[PDB]
Each structure stands twice: as C-alpha cells, then as structure tokens.
Amino acid sequence: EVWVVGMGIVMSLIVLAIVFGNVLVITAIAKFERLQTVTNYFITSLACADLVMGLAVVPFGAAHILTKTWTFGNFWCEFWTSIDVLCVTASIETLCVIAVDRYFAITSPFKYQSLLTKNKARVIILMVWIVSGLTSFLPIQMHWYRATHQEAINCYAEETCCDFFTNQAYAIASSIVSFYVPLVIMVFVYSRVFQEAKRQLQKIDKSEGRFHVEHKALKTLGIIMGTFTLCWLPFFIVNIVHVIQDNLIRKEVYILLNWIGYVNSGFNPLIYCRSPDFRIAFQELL
Amino acid sequence: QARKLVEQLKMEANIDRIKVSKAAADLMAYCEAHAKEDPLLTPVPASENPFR
Amino acid sequence: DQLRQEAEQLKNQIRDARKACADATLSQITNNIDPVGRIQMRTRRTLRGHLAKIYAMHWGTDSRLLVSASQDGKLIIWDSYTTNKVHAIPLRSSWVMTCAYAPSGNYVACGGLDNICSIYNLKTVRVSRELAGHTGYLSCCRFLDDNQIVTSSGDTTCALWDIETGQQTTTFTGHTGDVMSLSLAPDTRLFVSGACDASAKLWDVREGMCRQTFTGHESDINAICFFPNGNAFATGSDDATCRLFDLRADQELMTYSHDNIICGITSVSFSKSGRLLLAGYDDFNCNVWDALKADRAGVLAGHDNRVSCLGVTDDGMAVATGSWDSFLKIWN
Amino acid sequence: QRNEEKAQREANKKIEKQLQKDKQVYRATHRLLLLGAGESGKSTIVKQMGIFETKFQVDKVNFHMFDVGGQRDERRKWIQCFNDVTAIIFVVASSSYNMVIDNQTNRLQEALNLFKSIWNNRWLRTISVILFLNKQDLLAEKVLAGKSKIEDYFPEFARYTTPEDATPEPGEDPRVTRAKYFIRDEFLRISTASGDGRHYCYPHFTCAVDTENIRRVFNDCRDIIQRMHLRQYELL
Ligand SMILES: CN[C@@H]1CCc2c(ccc(O)c2O)[C@H]1O
C-alpha cells in the first residue's frame, strides 16, 4: 500500500496548496480596500472558482480514485460532476476575461476608463458564471450528457461506480465552450498585447538609443500562456479524441490529464498575483 | 528695508520671559487637571461612546 | 550695513536671554510623571465618496459634522454619527488646499491654488462671498467668527478678512516664506503661523503686529496647532522632527523625533487634555506622541497613501485623518 | 426620530448619484500641467492648443491643461498637488542659449535645473514629462549667424558629435541640426539617468508656426498611458 499512501499524500498536498493559495488571495482582496480594482474583481472570481474546485472536486475525486468505488449516492455523483464542469469552465472563461481586459487596457488606453467600470465588472462576472452553469448544471443534472453504449448504461445503473461517460456532441460542445474558444481569444489578445509591447520598446530604443536607459515581455507571456496551455491542452485534445475514437484513449490517461488540468487552479495565484501590492499584502497577512 | 526688520527685532526684544520651570509646571498641571475629561487618553465605555 | 549689525546684536541678545531663562528641560520636570502607556486606536467609521486625494478637513463645533476638501473639486460635508453626506459642494477650481467650518456652523470656506478664497452659505448652498487680494496659493483658513476669517497664502503675508465688506481689514506682513498653515488660539485674540522658513511667528489679530518668532526647526513647517491651554503650540516640520514651543518662555521646550522615521510631518493636532500630540506623517501611518514625555504611545495605520489632514473633536471623542487615499478614517 | 434618518438617507442617495455622475466625467478626462520658463512658450502653445485652465478635446478625448499662473516661486510646494496628472508639459526656449535673464548662466542652465528639480521630485517619481523646444526658428537663425558661439556658453559642445541614428529635417543646415540635437541631448541625459522606467521624457522640436502640437500631445499622452499599463504588469 506504499503506492496508495504516496498517491494520497500527493493529492493531499495538491488540495492543501490549492485551498491555501485561493483563500490567501481572496482574503487579501477582501481585507484591503486598495486591492479592490476592476481587474482584481476578475481575479477574485477566478480565485473563487479555484477555491470551489479545491474544496469540492479535488478531495472527492481523490477519495474516489483511492477507494476505487463511489461510496456516496448517484445524485452525489451527478452533483460532483456538475461542480467539476462548472469549476473548470468558470476558471478558464475568467482567464479569458482577464486576458480581454488586459487587451482593452493596453490597446485602447483612453477608452479603457469608460469601457470597463466597477458596475459592469459585476455584470461580466455574472455572465461568465451563468454561461458556466448553463454548460455545467443544465446538461448534467437534466441528464442530457449520458451516452448509450452498454458500458455507460451499466455504469449509470449501478450506484457503486461513478465514472464519466458522455456523448460525442456534448463532449465537443463542452470542450469548445470551456477551452478552445477562450484559448483562441486569449491567443489573439496576447499576440496583440505583445505586438504593442514590442512597438513601445522600439519607440523607446528610438528615443533613448544612445543612452543605456523584448525578453521580459516574452517571459511574462510564456508564464501566462504556457502554464495554462500545457495544463489543459492535452486533457481537452484527449477529451475530443476519446469520443471521436472509442478505443483510442484509456481511462488512466484520461484521469491523469484531468488532474494535470486540475493543478492549474493551484498554479493560477502564482501567475496572477506577483504584483508588488499583492506581495506586500501577503507578507502583512502572514 | 532693514530698518523695519531692526525695529521689529527691537520691539520683540522688549518682552518678559518666565522661567522654563514655571512654564513646564503650568503645562503639567493643566494636563493633570484636565486628564479626566479626555476621551482619547482614557477610553470611554461603549455605552458612552457615540461612534462605537 | 550698520542696521545689519544692529539686527545681529539684537538677535544675539535674544538668544542670550532665551538661554538665560532656560533652567530645566520639560523632560526633567516630567520624568516623575507616569507614562500614558500603549494606546490602541482602531477605525470606528470610514468615510468614502471622494473622487480624488483629500488635502484638508475641519471638524464642527458639534462633533457630528465635519467638512473635507479634495482636489476633485468637491467639498463634501459628512455626518460622523450616521456616516452620511449632508452636503456636497461643487467648486469653481479643482485644486483646493484648505477648508474651514465656521463656529456658528453656518458658513464653510475653502481655498486652493487659485488666489480666490470662497465662502459658502450652508443654510439658505451658493458662494456667499469670493475673497480676493492674495497673490499666491492659500494654505489654511480659519474662522474667528461668523463675519471674520484669517487666511494664509503662498505670498509671505497673511491677512484678516471681513466677510460683509469683502476686504482685508488688516494684513500680517514681515514674514520671509510661503505660509503653509496657521491655527487660531482658544480665544480669538492671538494666532500663529508656520511656513517654509524655519521661523514660526505669533500674531496679534486686533493690533495686527507680530509679537514673537520661534526658529527652532531646521526645515519647512507644514502643520501647527496650539496647546489647549493656549500658551503653547506644536509645529510639524518637513523633516522628521516635531517640536513644541511655549509663548511665555518664548523658546522650544521638547522635540518629538525618532531615528526610525525620516519622512516629513504633514498634520499636527492636540488632544483635549493636551497630553497626546497626534501628528500625521508623509509615511502612510500616523503617530501619537506623549506631549509631556516625547515617548510614542500609539501608531495610527491603515492609510494607503500619505496623510495630509488631521483633526480632534472639541469634546475629544474622535480623531479623523484625511490621507491622499480618498478616505476619512475616524479613530477613537 | 425616523424622519431625520429617512431624510439623511434620501440626501445621501441623491449625493451618491451625483457623485457617480461626476465620476463618469472625472475618470474620462486627463489633466496636464503646463510648466516651464515663464518668459517663453506659454502664450504661443496655449493659443495653438492665479491659475489658467484651458480644456481642449481631440479625437473625442477630453484633455484639461492648467497653467500655474506664473507665481514667482523658487521653491514649488504647490507641485505636490500635481502628483496625479497624466503628464507635465515642459516648454523650453531652445533659442536662448546665449541670453542671460542677478542673471543665470544662459536661462538654459536654469531650464536644465528646473527640469532636474521636476524630474527628481519625490511627488513626481511617476509623472512623465512632455518636453517642447520652442522657438526653433530663432535658434536656427542664431546658429547660422556667427555672432554667438554655442561652445563658448556650453563647453561640452566642442566635444559633441552628431548622432548617427537621427532624423534631421528635410531642409536644415548641419550646424543647426547639431545644435538642436545637443540641446535635446542635455535634457535626455538629465531624464534618463534618474528614471527607472516609471516615467519617460518625450522631446519635441516645436515651432510657433506649427499648429499640430495638439496631435503631438495626444500621441504622447497615449504612449504614456500605454507604457504605464504595460509596466503595471510584468510586460515591458
Ligand atoms: C469528470 N471530469 C470532467 C469530464 C469532462 C469535462 C471536464 C471539464 C470541463 C469540460 O468542459 C468537460 O467536458 C472534466 O473535469
């Protein structure tokens, strides 16, 4: 049982890190009024999504994988799956919203102070969570997601086993809603922002080239994008494949990639809370 | 010019100064006598506190 | 050149006399006095609604009402007990450097980078009178009564105004710097002012003449306030030192400074009993100084930017700090 | 009893609505400070584009410029009120390298000292400066004539060499170009050393005849806000 103990320790460390980071950033936002900013509202929404993930689906999923059987009821299986889809969709779409906000900030500086306001940030967050719920609770709870092959219906009939079997159409639609569309939007906006940064650096080199007066931009963009891309891209490509091809993807690989995607919730506060104000707030709190 | 300045200094010079011990004693006596009425120095009960 | 020599001789005589009357420092007398101990202050009410940084504030005769001035061009009047905005006054000039709430409770005056001093009638909210005549930015204004106001401006001269006639009744010249703040004595007879030069002077309102000059500081003076007794006053300097002067002894008594702070004091106020010298700082926090012992009692922190205003109620119940962060935190 | 509370609540609601309406305008406007040598450039640029406040809107963006009113003050304690402005517009007479105002060296050492004081001010550690070298034509006329020598008033001009990477005017004498770049390079040497990427200086060789200075100010403000947003994140 050494391997089981090691896996349990690893998942316990993962959930502890996720919960700790999320509660830290949320309480840093809540306690100090200086941190309350229109972008920080999106940061808070992402932190809340990651906190719900770490509190709900990481521990129950760990218990399921260690026990190899679902102790709780079928309704609880459905609710856990719905919460998982909700958390993933909300987190990724909130990352997309943050990217769009930054794109509007750099690209249109004069109109930024009017295009985004404190009142409309709440509307944007509500829309993101409503879309996540509609793509998560509506199909899962009203039972539209289920497949029809013998293994899937056998798993559905038995309340002991809780595993994800889904239709091709729902899998494709959920993947497009959750990851692929936000991925495209984020790639476009970040390419535009990087182009703007390069243009500004060229202007600076033109004005003050003689005096000493884009590695930083590349490093920041790589940290922001690669961590999100490397965590979720394999999971979503295999998610599309395993409904495209029945026997292409094994269950163990699917779960491994799903948990690799889960780790992105813990990684998010490190990426998005490196500002000096957040660092000072964290030092003051702890 | 400097005539106004020197006249002002002359007017300011003709003044009476008490010993610093007397002034310190007066300030200390005032602080001790009016110490009871100070809410910041001795916090008032929450019932008597208007803001709290 | 002979006049300069006479002035130097008079200054030397003044220094010799002040040294002669100096017998024992205030610390020597106050050593036997027990310290106030650690003082814990927490924000009771937080006032929000200012668009830009807050530069000045003034309490009312009743402790409920206070008026605040901000560079956004608004002069908001709050209600401390219920945390409500009684009035919000638009301003002709966005830049305002001072405000005052009349003892009668009816008039509010604010001035700024524009030379005009504007007085607003609360109970009638329009500009009752625009007081013009200065050639510099106003720094501090206080009300002698419902009809008389004294202002401090960027030029070296202060002035006493008459609201009914809108003219300078008397002007207080003879100073050598941009006056940064002034305070009125508990009786309306006297007032003092500190400025960019190290000198802080005392003026007699009725006669119009200067009486005493204190040059203890080594840099500019940004804040000033009388002791509640009215026979002493403490000045806040652009350096780290805050000093307390005496009118009767005509010299500095004690200096409030610490080696751990190098910023400049921007606001000074006294407690009702006079044993606490609350002084704002260019640092984001505020310090509370034991006046008689120069030992720090408490620290007032919670402002994200430098504190530019500070006041203590007439009954001594509340302390409010107005920082460049658009908030008015009321302490107790 | 309850009537007073209801009245205060209604007054607070009305005042809060008015404050939100005022915020909708305040957040969308930009404040600029027109600071510089008071003997040159104020009248021309203000016409081209205790206190004087002029508002000009370009590309549906509301700007608002404040002139200090020419308060004769060696020490500027009112400059701390301008720690939130979008930019500081500095106007310097580039043609005054020989004039002497109790007179300063050239009025240009005075301009450099003023620029250094503004640049290194504690309250202006973030505010960028838009710099205008007004009276360009008079400087060219002075340089063309041999009556006054720049190297006499400015010792470093003798060892100065024109920059290889430069954009001279389509029709300009080489000596005038060298003098213009020298005057520009003094201000940029002052600006680049103290700065740490928070604020930058934008030089401009403006002239009284030119009427496109509003567009230049708009572009510099856009670049200032864009660079501030980029540096707010780890980018740039
Ligand atoms: C049970 N694990 C689920 C299965 C499918 C899925 C996930 C997350 C986001 C989606 O859009 C999905 O379609 C995974 O977390």
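Tabulated results
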| quantity | calculated |
| --- | --- |
| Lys, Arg +1 and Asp, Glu -1 on Cβ, resulting dipole of the protein assembly as shown about Cα centre, debye, nearest 20 | 1120 debye |
| Student exercise, chain D dipole from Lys, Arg, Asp, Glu Cβ charges, in Debye to nearest 20 | 1100 debye |
| Averaged over B:5-14, number of beta-carbon atoms from partner chains that fall within 10 Å | 6 |
| CD proxy at 222 nm, helix term only [per DSSP H run n ≥ 4: -39500 (n - 2.57); per residue of chain A; nearest 500] | -28000 deg cm²/dmol |
| Relative packing of C:314-326, D:144-156, C:208-220, D:168-180, which averages over residues the other C-beta atoms within 10 Å, highest first | C:314-326, C:208-220, D:168-180, D:144-156 |
| Gyration tensor (alpha-carbon) shape descriptor, chain C, a/c threshold 1.5 | oblate |
| Furthest towards positive pole of dipole, D:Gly146, D:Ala11, D:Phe157, structure part chain D, Cβ charges | D:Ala11 |
| Table column - 3J(HN,Hα) (Hz), the stretch C:248-262, Karplus curve with 6.51, -1.76, 1.60, x for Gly and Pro | 6, 6, 6, 6, 5, 9, 9, 10, 10, 8, 9, 6, 7, 10, 10 |
| Test item: Cα-centred dipole of the stretch D:1-41, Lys/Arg +1 and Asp/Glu -1 on Cβ, debye | 340 debye |
| Positive-end residue of A:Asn239, A:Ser132, A:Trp76, charge dipole of the stretch A:2-285 with Cβ unit charges | A:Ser132 |
| For A:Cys162, residues with placed amide H under 5 Å, excluding near neighbours | A:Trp70 |
| Structure-based [θ]222 nm, chain C - -39500 (n - 2.57) summed over DSSP H runs of at least 4, per residue, nearest 500 | -2500 deg cm²/dmol |
| Rounded Å value of the spacing that divides the Cα centres of chain B and the stretch C:258-290 | 16 Å |
| Amide H contacts of C:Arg44 (H built 1.01 Å from N, under 5 Å, at least 5 apart or other chain) | C:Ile330, C:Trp331, C:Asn332 |
| Gyration tensor (alpha-carbon) shape descriptor, the stretch B:1-51, a/c threshold 1.5 | oblate |
| Three-way shape call for the protein assembly as shown based on the alpha-carbon gyration tensor, with the a/c threshold at 1.5 | oblate |
| Given B:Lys22/C:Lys201; B:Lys4/C:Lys201; A:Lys206/D:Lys55; D:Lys21/D:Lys77; A:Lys120/D:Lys55; C:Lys53/C:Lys293, the pairs whose alpha carbons are separated by over 24 Å | A:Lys206/D:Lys55; D:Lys21/D:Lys77; A:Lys120/D:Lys55; C:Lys53/C:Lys293 |
| Amide proton proximity set for C:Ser183, modelled H, under 5 Å, gap of 5+ | C:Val192 |
| HN-Hα J in Hz across the stretch D:17-24 - Karplus 6.51, -1.76, 1.60, θ = phi - 60°, x for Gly and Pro | 4, 5, 5, 5, 4, 5, 5, 4 |
| Selection of trypsin sites (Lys or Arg not before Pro), the stretch C:19-52, meeting DSSP coil and at most 10 other Cβ within 10 Å | C:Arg38, C:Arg42 |
| Mean Cβ neighbour count within 10 Å, used as a protection proxy, ranking D:4-11, C:186-193 highest first | C:186-193, D:4-11 |
| Proximal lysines relative to A:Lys31, as straight alpha-carbon distance under 16 Å, when same-chain residues fewer than 8 apart are discounted | C:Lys329 |
| Calculated from backbone phi, Karplus (6.51, -1.76, 1.60) coupling profile of the stretch C:16-22 in Hz, x at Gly/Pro | 5, 5, 5, 5, 5, 6, 7 |
| Most positive-pole-ward Cα, C:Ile54, C:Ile149, C:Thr124, against dipole of chain C from beta carbon charges | C:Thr124 |
| Cβ-isolated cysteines (cut-off 4.7 Å), chain A | A:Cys48, A:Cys87, A:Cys96, A:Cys155, A:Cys161, A:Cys231, A:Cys273 |
| Chain D: calculated mean residue ellipticity at 222 nm from DSSP helix runs of at least 4, using -39500 (n - 2.57) | -13500 deg cm²/dmol |
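Every number here is computed from the coordinates shown, using simple stated rules; none is lab data. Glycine also receives a Cβ, built like all others from the backbone with ideal geometry; neighbour counts cover every protein chain displayed.
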